[PDB]
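First, one chain by itself in structure tokens, the form deposited in one PDB entry.
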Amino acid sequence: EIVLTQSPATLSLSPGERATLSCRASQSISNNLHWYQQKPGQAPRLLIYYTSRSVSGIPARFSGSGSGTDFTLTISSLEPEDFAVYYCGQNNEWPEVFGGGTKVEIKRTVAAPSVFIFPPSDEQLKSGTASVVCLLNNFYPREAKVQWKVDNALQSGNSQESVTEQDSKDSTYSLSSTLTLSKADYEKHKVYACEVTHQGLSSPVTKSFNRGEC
């Protein structure tokens, strides 16, 4: 089976700049290499076929080159609608194989997150569970670290996080982290805190609340 390796995994560029995406095959696939674009909640869209051939309705700024083992997709000048994920796919042989994808994101200045903490609601507590939420709003780059602390004890394995897609207007990311505890466990402690580490910050930022003082 063929393995397709794409590079880089993330490309950070500004609109108007040239984008160069790489696809390398483990063995020759002749010129039967195709490029696809994928946006959130949509099926992949074919951009270029048979290494360099044009596809109906695709803008002229997309072009492809390469042969056998090494392939390139070029976007001559990025438009805002081009910031998406790109996959290469081979069909020289079956099974078809796709690369792991390259995410093309907008490069902007570093922006520290604004941090907010939310205690569990009275309604949820009555039901036996306490969810504590920490929000990291409008930051860049995407990399951020959240550490939950309950009466200075570091929490691990009892939280889940999610990150939004890059905002179209300000090129930032936001992240939510949820700490889940039982009502009995939650009632046994006082200080609930979320410590945030990001490139935009000189040192970690902590937002906290004292249980019952809400």
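Position 1 is the first residue in the sequence shown; the rest follow in order.
Higher mean CA temperature factor between 120 to 128 and 94 to 102: 120 to 128, per the PDB entry. Here the stretch with the larger average CA B-factor, out of 45 to 53 and 153 to 161, is 153 to 161. Ranking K183, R61, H34, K39 by Cα temperature factor from the entry places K183 first. Among all modelled residues in its chain, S30 ranks in the highest third by Cα B-factor.
Ranked by C-alpha B-factor against the other modelled residues of its chain, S171 falls in the lowest third. In the PDB entry, a CA B factor belonging to the middle third of its chain's modelled residues is recorded for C194. Annotation for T178: C-alpha temperature factor in the lowest third relative to the rest of the modelled chain, per the entry.
The following text describes the form deposited in another entry, which does not appear among the structures shown.
Treating the motion between this form and the one not shown as two rigid parts, with each C-alpha given to the better-fitting one, puts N92 and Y140 in two different parts.
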